[PDB]
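Beneath this line is the structure, given in structure tokens, with notes to follow.
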Amino acid sequence: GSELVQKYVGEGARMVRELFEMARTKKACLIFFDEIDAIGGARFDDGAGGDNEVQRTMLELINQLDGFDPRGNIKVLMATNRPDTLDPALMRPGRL
Amino acid sequence: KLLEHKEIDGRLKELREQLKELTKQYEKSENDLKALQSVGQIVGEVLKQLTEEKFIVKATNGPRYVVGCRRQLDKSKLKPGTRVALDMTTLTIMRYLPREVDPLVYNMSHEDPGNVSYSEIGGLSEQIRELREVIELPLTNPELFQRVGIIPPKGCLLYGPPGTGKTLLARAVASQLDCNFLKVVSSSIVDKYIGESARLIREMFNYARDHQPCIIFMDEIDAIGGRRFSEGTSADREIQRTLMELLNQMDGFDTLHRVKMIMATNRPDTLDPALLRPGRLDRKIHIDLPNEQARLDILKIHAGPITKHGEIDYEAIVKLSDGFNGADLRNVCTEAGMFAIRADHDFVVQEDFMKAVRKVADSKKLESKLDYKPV
Amino acid sequence: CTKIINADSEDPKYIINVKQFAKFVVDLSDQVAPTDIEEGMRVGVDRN
Amino acid sequence: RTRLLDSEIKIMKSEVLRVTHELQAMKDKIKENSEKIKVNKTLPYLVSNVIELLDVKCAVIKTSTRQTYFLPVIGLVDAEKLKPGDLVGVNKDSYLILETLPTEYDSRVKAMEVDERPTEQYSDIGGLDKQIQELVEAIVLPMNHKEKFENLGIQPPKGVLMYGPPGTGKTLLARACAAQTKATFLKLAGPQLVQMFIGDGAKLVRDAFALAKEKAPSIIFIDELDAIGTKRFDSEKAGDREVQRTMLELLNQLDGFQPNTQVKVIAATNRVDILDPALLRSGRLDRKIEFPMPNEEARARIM
Amino acid sequence: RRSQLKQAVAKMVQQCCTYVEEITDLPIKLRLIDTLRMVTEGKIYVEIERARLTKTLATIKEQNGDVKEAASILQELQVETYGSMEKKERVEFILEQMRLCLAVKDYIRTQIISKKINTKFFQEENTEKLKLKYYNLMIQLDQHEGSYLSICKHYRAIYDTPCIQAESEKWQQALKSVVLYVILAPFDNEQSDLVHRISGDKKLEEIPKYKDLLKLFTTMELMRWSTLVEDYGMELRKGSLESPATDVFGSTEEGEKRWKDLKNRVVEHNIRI
Ligand SMILES: Nc1ncnc2c1ncn2[C@@H]1O[C@H](COP(=O)(O)OP(=O)(O)OP(=O)(O)O)[C@@H](O)[C@H]1O
């Protein structure tokens, strides 16, 4: 989870595209996003936008996960101690 | 014989035209070689004048070098804040050239349009009366106000129902004074600094001073990214501070060219009582809900760019839906056009307008995203 | 290392973004096969 | 007669001298051409777009190195031929345009187009029929004859926003529309546009809009429009300035541009609250397609 | 129904005009007053109260230019800032208010509504020259109220129409009135640039007076006033032109004041050189 957060703006979002690309190249793979809360699993997206870089990383995961062709052969396992904190779009099924 | 010789001379003339084209190619080659010698100049902005001989400047990329002027560089026109050309090796001022894309500044400049029609939604009972009268007297004669000694009223507030006088008639005032207007939405004015918003407004006021006819319009002053921030722990009333700063800018420090900074906006939820005091807000004009007979007139103005069957009773369509919004009446006309599009009719029958009015009546019943109330 | 974005007819004049430097119109090196160089392929360009 | 023939012979001698002059003009041009070829090939060519065009005949170029240079001479290529905001080939050290270069677009923009095309039906969406019809008027009617709009004088709006709770199918209408009607559908997301380098995202939005201009039947779909269109940050000094620049680029194309209805854009957001008032503006994204949570009748059909 | 009343009122104004010629002042004014009360709410769409302004103009003639009647025209015309939908005649009506203020002879009184005149602009350059014909009246009003330099500023504007007319005396007078300003106007950077611009006109060259006026324009060393009186005896009564002579020594109020000014301006010329 820490690796996905990065110093440069949206550098982590680029990594998430790579994560799916690596997943697509292998045939049938399971991705375990343990501690989903670390991967910006919330979308307050307030005017301060302190989490703006992470929020972009979270949205990039959501779109790659589902929409305009989804995982295709990827099964996603996500584990959270606090389910309530998770952002609604990720909680929505199809993604999980 | 002689005619054949003339034909041979004509062929020679054609060869001469080809020689002229070859000479043009030689001229182009000479120009290209002359061009190659020039080595370009770093583009930079003069931070300040250290001395007449040397001006401190910063290159656009970021390294800053103190530099000296070249020949007749017109140091008077080299005043700080002017883009300059810097020699690639010498790093000295070469020429004064001002070119800035200024995309955010363009939003703060003359981006706002002016509506040419005198009565787009009609409803001009005080719009071309009270609103015109207060602005016109200073605009025609600031000196007459000076003889009275009263400061010309800086601005007036068009508190009114949303859309009917807010979506429309916002730029109609520009036609009434026959000049382009500046829209103070404030979205461009508040960018990355809460404090800079007042300073950017001062820059807009200076732009307004440039045209004496142009009148500042504070349309949608509350409107901002997200929602306007009232006093709060995360964000305080920066806009309210800007309003107090605006009052200082309006009178004294920034009043010239008989330009009226009218706060003609019903968008702000709260109106400052001190602003209401004669001077900052000498008079307030209230836009009113349409009289239905007025709505019929509005529908006719909206129907003006419309192709219709001609068997149309506009009063019946107006009676069928009391939209009470100029935009809603414009919507009736557009929806009637959509009904006309169905069945491929270029003309719009009265029934199509009435069907649109029924859809508009449903839209009148259900409304969303409106959180702006004057006072 | 640099990344190719396009190719052109006749002299290829492949234009490459280094990674932060610039779009460089670099011709293929003499000891290379033109077919082997491909559009949208990472490539190594000698600076000199 | 004979004198006219003698005059033609003298002109023919001048023409022989002119052939030598043409060879000399070619030789001078060849030397400039050889330098031009070497400079484009050289590493410091730094081909990049001209920020603006100036006259004393002058150009200002921002190289990919992000350094801006003003050239007193516009360059070897014709000043009229050069277009502001168009790729131009800067000199290795002179920083003077030598060649315009072939037009090229970001690889990401090319990837966005759905060459394969989607496989969905308008019928498959259930309980959102009224919204499906509204989308058809916004996109299909401009795609079809605009003559009916022209005769009336009404203009079809360009730019559609679909706002709904996450479960409601904003993407489902978009995927079905692309499958039912083939008009160069383009995928897009607020994160995809965001890029590390400042203004790189703005180029991506501009190139995508240019691709839409290139194809007469073109639809661009941007899911999660909120990510690019976040409320403009008021963070002072250091901030995500690049993302705001990308949002401004989309606004620049939408405002006072694309009057032709050939290109239309559909955008979707889980939350419309984050979106700036500017993106909707007055006509920039006038179309709104709210997706209600499924009604009891709709739920039975959806299941 | 109000529109029907307006149609009846439009008929009333035509009837009132016929009544004005048909009957003496006491009946016609009463009839005009009766319609006026009914249309107090009604706007002056055409001559609805413009006829009332004509009626007060008539009352001024009946009352032998009574100031109160002039004041009555002044207040109603002042009220009609935007009352008349038509623009050209409405501006002309504002001029009619101004002429009555000049008739008061306060001089300031004309200036008081001259501020309202200040609002009026661009009569010249209007299509059909109809506004230009009206423009001639507005500049004509300026005289004592305009400053000696200012009278020239208006006289040059008046000069264009007579120059088009090419009248032997009126076109010559139109250029002459602007030229005579120098003698009554104090030396200034503006005065010097203006005198050079007026000087050298071919039409001005024909006039003998222009040759006399050139003495001030050039340094000309010193011009004695006594010599000038012999030179300008023609100005007092040319007998051929003398059309703009009113601008200089016309009589006493606008003439003797000009006579003192000429002595002062040449005395100022003597000290400057
Ligand atoms: N009326 C419907 N008929 C069929 N499927 C539907 C319907 N409404 C929603 N869906 C389902 O919703 C999903 C479509 O993705 P959806 O548009 O909900 O994603 P999203 O990006 O979260 O949307 P939004 O941007 O509107 O929040 C699919 O699982 C689809 O089957």
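Following the order of the structure tokens, chains are lettered A, B, ..., residues in each are numbered from 1, and ligands are numbered from 1.
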
Go through region 180-242 of chain B and collect every residue that DSSP, computed from the backbone, puts in alpha helix (DSSP H); the answer should be as an MDAnalysis selection string.
chainID B and resid 196:210 238:242

Selection within 9 Å of ligand 1 by only C-alpha atoms and all ligand atoms, output as a PyMOL selection string
(chain A and resi 62-63+66-67+89-90+92-95) or (chain D and resi 123-129+162-175+223-225+267-271+290-291+293-294+298-299+301-303)

Got a sec: who's within 9 Å of residue 45 (chain E), counting only C-alpha atoms, leaving out chain neighbours fewer than 6 positions off, as JSON, numbers by chain?
{"E": [83, 84, 85, 86]}

Applying 7 Å and only C-alpha atoms, which residues near region 4-9 of chain D remain after dropping the ones on its own chain fewer than 3 positions away? List them as a ChimeraX atom specification.
/B:5-6,8-9,12 /D:1,12-13

What would the file look like if the residues just selected were written as a tab-separated table (two decimals), in the first residue's frame with N, CA, C and O atoms?
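Wrote it out as part.tsv, contents follow:
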chain	number	residue	atom	x	y	z
B	5	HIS	N	8.76	35.09	-86.56
B	5	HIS	CA	9.84	35.68	-85.71
B	5	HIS	C	9.23	36.18	-84.40
B	5	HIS	O	9.88	36.00	-83.35
B	6	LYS	N	8.04	36.78	-84.46
B	6	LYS	CA	7.35	37.27	-83.23
B	6	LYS	C	7.04	36.08	-82.32
B	6	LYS	O	7.17	36.22	-81.10
B	8	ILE	N	8.73	33.28	-82.12
B	8	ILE	CA	10.03	32.87	-81.51
B	8	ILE	C	10.36	33.82	-80.35
B	8	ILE	O	10.85	33.33	-79.31
B	9	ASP	N	10.09	35.11	-80.52
B	9	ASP	CA	10.34	36.11	-79.44
B	9	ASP	C	9.44	35.77	-78.24
B	9	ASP	O	9.91	35.93	-77.10
B	12	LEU	N	10.99	33.07	-76.29
B	12	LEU	CA	12.12	33.65	-75.51
B	12	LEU	C	11.56	34.35	-74.27
B	12	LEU	O	12.21	34.27	-73.21
D	1	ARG	N	10.94	40.41	-87.61
D	1	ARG	CA	11.38	39.43	-88.64
D	1	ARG	C	12.76	38.89	-88.26
D	1	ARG	O	12.86	38.24	-87.19
D	12	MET	N	17.85	33.88	-75.65
D	12	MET	CA	18.26	32.46	-75.46
D	12	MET	C	19.63	32.41	-74.78
D	12	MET	O	19.83	31.53	-73.92
D	13	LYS	N	20.54	33.31	-75.16
D	13	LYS	CA	21.87	33.38	-74.49
D	13	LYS	C	21.65	33.76	-73.02
D	13	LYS	O	22.32	33.17	-72.15

Determine which residues of chain A sit within 10 Å of chain B, taking into account only C-alpha atoms, and present them as a ChimeraX atom specification.
/A:46-48

Give me, as a PyMOL selection string, the contact residues of chain B against chain E at a cut-off of 12 Å, counting only C-alpha atoms.
chain B and resi 128-129+132-133+136-145+147

Interface, chain D side, toward chain B (6 Å; only C-alpha atoms) as a PyMOL selection string:
chain D and resi 1+4-5+8+11+18+22+25+28-29+67-71+76+94-95+148+151-152+231-232+234-236+276

Output for the residues just chosen: N, CA, C and O atoms as a CSV table (one decimal), in the first residue's frame:
chain,number,residue,atom,x,y,z
D,1,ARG,N,10.9,40.4,-87.6
D,1,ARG,CA,11.4,39.4,-88.6
D,1,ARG,C,12.8,38.9,-88.3
D,1,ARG,O,12.9,38.2,-87.2
D,4,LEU,N,13.8,40.3,-85.0
D,4,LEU,CA,13.1,39.6,-83.9
D,4,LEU,C,13.8,38.3,-83.6
D,4,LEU,O,13.9,38.0,-82.4
D,5,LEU,N,14.2,37.6,-84.6
D,5,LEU,CA,14.9,36.3,-84.4
D,5,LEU,C,16.2,36.5,-83.7
D,5,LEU,O,16.5,35.7,-82.8
D,8,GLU,N,15.5,37.1,-80.1
D,8,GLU,CA,15.2,35.8,-79.4
D,8,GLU,C,16.5,35.1,-79.1
D,8,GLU,O,16.6,34.5,-78.0
D,11,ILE,N,18.0,36.6,-76.1
D,11,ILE,CA,17.3,36.1,-74.9
D,11,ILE,C,17.6,34.7,-74.6
D,11,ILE,O,17.7,34.3,-73.4
D,18,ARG,N,20.8,32.0,-67.4
D,18,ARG,CA,19.7,31.8,-66.3
D,18,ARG,C,19.8,30.4,-65.8
D,18,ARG,O,19.6,30.1,-64.6
D,22,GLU,N,20.3,29.3,-62.1
D,22,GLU,CA,19.4,28.4,-61.4
D,22,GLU,C,20.2,27.3,-60.7
D,22,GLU,O,19.9,27.0,-59.6
D,25,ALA,N,21.6,29.0,-57.7
D,25,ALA,CA,20.5,29.2,-56.7
D,25,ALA,C,20.3,27.8,-56.0
D,25,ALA,O,20.2,27.8,-54.8
D,28,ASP,N,23.3,27.1,-53.6
D,28,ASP,CA,23.2,27.9,-52.4
D,28,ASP,C,22.1,27.2,-51.5
D,28,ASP,O,22.3,27.0,-50.3
D,29,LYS,N,21.0,26.8,-52.2
D,29,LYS,CA,19.9,26.2,-51.4
D,29,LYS,C,20.4,24.8,-50.9
D,29,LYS,O,20.0,24.5,-49.8
D,67,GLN,N,12.4,25.4,-22.1
D,67,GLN,CA,13.1,26.7,-22.1
D,67,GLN,C,12.5,27.5,-23.3
D,67,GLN,O,12.3,26.9,-24.4
D,68,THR,N,12.1,28.8,-23.0
D,68,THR,CA,11.4,29.6,-24.1
D,68,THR,C,12.4,30.5,-24.7
D,68,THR,O,13.2,31.2,-24.0
D,69,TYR,N,12.5,30.5,-26.1
D,69,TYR,CA,13.5,31.3,-26.8
D,69,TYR,C,12.7,32.2,-27.8
D,69,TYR,O,11.8,31.7,-28.5
D,70,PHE,N,13.1,33.5,-27.9
D,70,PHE,CA,12.5,34.4,-29.0
D,70,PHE,C,13.5,34.5,-30.1
D,70,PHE,O,14.6,34.8,-29.8
D,71,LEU,N,13.0,34.2,-31.3
D,71,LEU,CA,14.0,34.3,-32.5
D,71,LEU,C,13.6,35.5,-33.3
D,71,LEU,O,12.5,35.7,-33.7
D,76,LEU,N,13.7,29.3,-41.3
D,76,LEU,CA,13.9,28.9,-42.7
D,76,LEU,C,12.5,28.6,-43.3
D,76,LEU,O,12.2,29.0,-44.5
D,94,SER,N,21.1,27.8,-32.2
D,94,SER,CA,20.4,29.0,-32.7
D,94,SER,C,19.0,29.1,-32.1
D,94,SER,O,18.4,30.2,-32.0
D,95,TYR,N,18.4,27.9,-32.0
D,95,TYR,CA,16.9,27.9,-31.5
D,95,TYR,C,16.1,28.6,-32.6
D,95,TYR,O,15.2,29.3,-32.2
D,148,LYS,N,-32.8,19.6,-39.5
D,148,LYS,CA,-34.0,19.9,-38.7
D,148,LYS,C,-33.7,21.0,-37.7
D,148,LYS,O,-34.5,22.0,-37.6
D,151,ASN,N,-33.1,24.3,-39.7
D,151,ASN,CA,-34.3,25.0,-40.2
D,151,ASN,C,-34.9,25.8,-39.0
D,151,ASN,O,-35.3,27.0,-39.2
D,152,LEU,N,-35.0,25.2,-37.9
D,152,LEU,CA,-35.6,25.9,-36.7
D,152,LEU,C,-34.7,27.0,-36.2
D,152,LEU,O,-35.2,28.0,-35.8
D,231,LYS,N,-12.7,20.8,-7.5
D,231,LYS,CA,-12.8,22.2,-7.2
D,231,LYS,C,-11.4,22.8,-7.2
D,231,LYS,O,-10.5,22.1,-6.7
D,232,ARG,N,-11.2,23.9,-7.9
D,232,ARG,CA,-9.8,24.4,-8.1
D,232,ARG,C,-9.2,24.5,-6.7
D,232,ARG,O,-9.8,25.1,-5.8
D,234,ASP,N,-7.1,25.8,-3.6
D,234,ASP,CA,-6.6,27.1,-3.2
D,234,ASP,C,-5.3,26.9,-2.4
D,234,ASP,O,-5.0,27.8,-1.6
D,235,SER,N,-4.7,25.8,-2.5
D,235,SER,CA,-3.4,25.6,-1.9
D,235,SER,C,-2.4,26.6,-2.4
D,235,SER,O,-2.3,26.7,-3.6
D,236,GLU,N,-1.8,27.4,-1.5
D,236,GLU,CA,-0.9,28.5,-1.9
D,236,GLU,C,0.5,27.8,-2.2
D,236,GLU,O,0.8,26.8,-1.7
D,276,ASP,N,-16.5,21.5,-10.7
D,276,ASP,CA,-16.5,22.9,-10.6
D,276,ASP,C,-17.7,23.5,-11.3
D,276,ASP,O,-18.2,22.8,-12.2

Taking only C-alpha atoms into account, report as JSON, numbers by chain which residues of chain A lie within 10 Å of chain D.
{"A": [8, 9, 10, 11, 12, 13, 14, 17, 43, 44, 45, 46, 47, 48, 49, 50, 52, 53, 55, 56, 57, 58, 59, 60, 61, 62, 63, 64, 67, 68, 69, 88, 89, 90, 91, 92, 93, 94]}

I need the residues from that last selection saved to file as a CSV table (one decimal), in the first residue's frame (with C-alpha atoms), if you can.
chain,number,residue,atom,x,y,z
A,8,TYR,CA,5.6,12.9,-7.5
A,9,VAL,CA,2.0,13.9,-8.5
A,10,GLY,CA,0.1,10.9,-10.0
A,11,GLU,CA,3.4,8.9,-10.0
A,12,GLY,CA,1.5,6.2,-8.0
A,13,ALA,CA,-1.4,6.4,-10.4
A,14,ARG,CA,1.0,5.4,-13.2
A,17,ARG,CA,-1.9,1.2,-14.5
A,43,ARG,CA,-13.2,10.0,-1.4
A,44,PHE,CA,-13.9,13.1,0.7
A,45,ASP,CA,-11.9,14.9,-2.0
A,46,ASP,CA,-12.3,18.2,0.0
A,47,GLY,CA,-11.3,21.7,-1.4
A,48,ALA,CA,-7.9,21.4,0.3
A,49,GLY,CA,-7.3,18.3,-1.8
A,50,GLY,CA,-4.5,17.1,0.5
A,52,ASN,CA,-5.7,14.7,-4.3
A,53,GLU,CA,-2.7,12.7,-5.5
A,55,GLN,CA,-7.6,10.2,-4.8
A,56,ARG,CA,-6.4,10.1,-8.4
A,57,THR,CA,-4.6,6.8,-7.6
A,58,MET,CA,-7.8,5.4,-6.1
A,59,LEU,CA,-9.9,6.4,-9.1
A,60,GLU,CA,-7.3,4.9,-11.5
A,61,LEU,CA,-7.6,1.6,-9.7
A,62,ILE,CA,-11.5,1.8,-9.8
A,63,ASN,CA,-11.6,2.4,-13.6
A,64,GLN,CA,-9.0,-0.2,-14.4
A,67,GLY,CA,-15.6,-0.1,-16.8
A,68,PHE,CA,-14.6,0.1,-20.5
A,69,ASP,CA,-13.4,-3.6,-20.2
A,88,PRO,CA,-18.5,3.9,-2.0
A,89,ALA,CA,-17.3,3.4,-5.6
A,90,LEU,CA,-14.9,0.6,-4.5
A,91,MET,CA,-17.6,-0.9,-2.3
A,92,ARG,CA,-20.0,-1.0,-5.2
A,93,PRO,CA,-20.2,-4.5,-6.7
A,94,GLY,CA,-18.8,-5.4,-10.1

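If only C-alpha atoms are the atoms counted, then among D:88, D:254, D:289, D:154 the closest residue to residue 63 (chain D) is D:88.
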
Using only C-alpha atoms, find each residue in chain D having at least one atom no more than 8 Å away from chain C; report its shortest atom-to-atom pair and that distance in Å (one decimal), rows by chain then rising number, as CSV.
residue,atom,partner,partner_atom,distance
D:40,CA,C:25,CA,5.6
D:41,CA,C:26,CA,4.7
D:42,CA,C:26,CA,6.5
D:43,CA,C:24,CA,5.6
D:44,CA,C:24,CA,7.2
D:45,CA,C:24,CA,6.1
D:46,CA,C:22,CA,5.0
D:47,CA,C:23,CA,5.3
D:48,CA,C:23,CA,6.9
D:63,CA,C:22,CA,6.9
D:64,CA,C:22,CA,4.3
D:65,CA,C:21,CA,5.2
D:102,CA,C:8,CA,7.9
D:104,CA,C:6,CA,7.3
D:106,CA,C:5,CA,7.9
D:107,CA,C:5,CA,7.0

Could you name the residues that touch region 54-62 of chain E at 10 Å or less, counting only C-alpha atoms, but leaving out those on the same chain fewer than 2 positions away, as an NGL selection string?
:E and (16-17 or 20 or 25 or 28-29 or 32-33 or 47 or 49-52 or 64-74 or 76 or 93 or 96-97 or 100)

Print the selection's residues with N, CA, C and O atoms to a file, as a tab-separated table (two decimals), in the first residue's frame.
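See part_22.tsv below for the written result:
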chain	number	residue	atom	x	y	z
E	16	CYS	N	-56.03	68.48	-31.26
E	16	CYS	CA	-55.50	69.63	-30.49
E	16	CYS	C	-54.72	70.55	-31.44
E	16	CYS	O	-54.84	71.77	-31.29
E	17	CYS	N	-53.95	69.97	-32.36
E	17	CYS	CA	-53.17	70.79	-33.32
E	17	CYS	C	-54.14	71.60	-34.19
E	17	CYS	O	-53.90	72.82	-34.36
E	20	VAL	N	-55.54	74.26	-32.08
E	20	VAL	CA	-54.61	75.38	-31.76
E	20	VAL	C	-54.77	76.46	-32.84
E	20	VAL	O	-54.91	77.64	-32.46
E	25	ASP	N	-56.02	81.36	-27.61
E	25	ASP	CA	-55.18	80.67	-26.60
E	25	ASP	C	-55.99	80.10	-25.44
E	25	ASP	O	-55.69	78.97	-25.03
E	28	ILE	N	-57.65	76.61	-26.42
E	28	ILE	CA	-56.68	75.56	-26.86
E	28	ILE	C	-55.86	75.06	-25.66
E	28	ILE	O	-55.68	73.84	-25.55
E	29	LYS	N	-55.40	75.97	-24.80
E	29	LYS	CA	-54.55	75.55	-23.65
E	29	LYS	C	-55.37	74.65	-22.73
E	29	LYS	O	-54.82	73.66	-22.23
E	32	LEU	N	-55.56	71.22	-24.24
E	32	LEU	CA	-54.26	70.53	-24.11
E	32	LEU	C	-54.07	70.09	-22.66
E	32	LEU	O	-53.57	68.97	-22.43
E	33	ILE	N	-54.46	70.94	-21.71
E	33	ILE	CA	-54.32	70.60	-20.26
E	33	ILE	C	-55.19	69.37	-19.97
E	33	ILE	O	-54.73	68.49	-19.23
E	47	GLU	N	-45.63	62.61	-29.91
E	47	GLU	CA	-45.69	64.02	-29.44
E	47	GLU	C	-46.72	64.08	-28.31
E	47	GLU	O	-47.34	65.14	-28.15
E	49	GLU	N	-46.61	64.35	-25.07
E	49	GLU	CA	-46.39	65.56	-24.24
E	49	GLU	C	-45.45	66.49	-25.00
E	49	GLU	O	-45.18	67.59	-24.50
E	50	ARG	N	-44.93	66.04	-26.15
E	50	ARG	CA	-44.11	66.95	-26.99
E	50	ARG	C	-45.05	68.06	-27.47
E	50	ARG	O	-44.59	69.20	-27.61
E	51	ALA	N	-46.31	67.71	-27.75
E	51	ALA	CA	-47.30	68.73	-28.13
E	51	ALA	C	-47.48	69.68	-26.95
E	51	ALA	O	-47.68	70.88	-27.19
E	52	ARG	N	-47.44	69.15	-25.73
E	52	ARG	CA	-47.53	70.02	-24.52
E	52	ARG	C	-46.33	70.97	-24.54
E	52	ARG	O	-46.52	72.15	-24.21
E	64	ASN	N	-45.42	86.73	-24.35
E	64	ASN	CA	-44.30	87.63	-24.75
E	64	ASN	C	-43.01	87.18	-24.06
E	64	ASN	O	-42.36	88.03	-23.43
E	65	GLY	N	-42.66	85.90	-24.18
E	65	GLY	CA	-41.44	85.37	-23.56
E	65	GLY	C	-41.44	85.49	-22.05
E	65	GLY	O	-40.39	85.84	-21.49
E	66	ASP	N	-42.58	85.22	-21.41
E	66	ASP	CA	-42.62	85.23	-19.93
E	66	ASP	C	-41.63	84.18	-19.42
E	66	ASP	O	-41.62	83.06	-19.97
E	67	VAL	N	-40.84	84.54	-18.40
E	67	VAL	CA	-39.80	83.61	-17.87
E	67	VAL	C	-40.50	82.37	-17.31
E	67	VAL	O	-39.96	81.27	-17.48
E	68	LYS	N	-41.66	82.55	-16.67
E	68	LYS	CA	-42.37	81.41	-16.05
E	68	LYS	C	-42.77	80.41	-17.14
E	68	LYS	O	-42.65	79.20	-16.90
E	69	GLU	N	-43.23	80.91	-18.29
E	69	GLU	CA	-43.58	80.01	-19.42
E	69	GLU	C	-42.31	79.31	-19.92
E	69	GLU	O	-42.38	78.10	-20.22
E	70	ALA	N	-41.20	80.04	-20.00
E	70	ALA	CA	-39.92	79.42	-20.40
E	70	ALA	C	-39.54	78.37	-19.36
E	70	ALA	O	-39.06	77.30	-19.76
E	71	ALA	N	-39.75	78.67	-18.08
E	71	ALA	CA	-39.45	77.70	-17.00
E	71	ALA	C	-40.36	76.49	-17.17
E	71	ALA	O	-39.91	75.37	-16.90
E	72	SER	N	-41.62	76.71	-17.55
E	72	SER	CA	-42.57	75.59	-17.74
E	72	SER	C	-42.06	74.68	-18.86
E	72	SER	O	-42.06	73.45	-18.67
E	73	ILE	N	-41.58	75.27	-19.96
E	73	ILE	CA	-40.99	74.43	-21.04
E	73	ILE	C	-39.75	73.75	-20.46
E	73	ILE	O	-39.57	72.54	-20.71
E	74	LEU	N	-38.96	74.47	-19.66
E	74	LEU	CA	-37.68	73.91	-19.16
E	74	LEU	C	-37.98	72.68	-18.31
E	74	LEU	O	-37.35	71.64	-18.55
E	76	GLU	N	-40.64	70.64	-18.14
E	76	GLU	CA	-41.24	69.49	-18.86
E	76	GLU	C	-40.19	68.85	-19.77
E	76	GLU	O	-40.14	67.61	-19.83
E	93	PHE	N	-35.58	68.68	-29.22
E	93	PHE	CA	-36.45	69.25	-28.16
E	93	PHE	C	-35.58	69.68	-26.97
E	93	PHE	O	-35.85	70.73	-26.38
E	96	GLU	N	-34.32	72.91	-27.72
E	96	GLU	CA	-35.38	73.94	-27.57
E	96	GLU	C	-35.40	74.39	-26.10
E	96	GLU	O	-35.54	75.60	-25.85
E	97	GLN	N	-35.24	73.45	-25.17
E	97	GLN	CA	-35.18	73.83	-23.74
E	97	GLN	C	-33.99	74.76	-23.55
E	97	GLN	O	-34.15	75.81	-22.90
E	100	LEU	N	-34.49	78.43	-24.67
E	100	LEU	CA	-35.31	79.20	-23.70
E	100	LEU	C	-34.45	79.64	-22.52
E	100	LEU	O	-34.67	80.76	-22.01
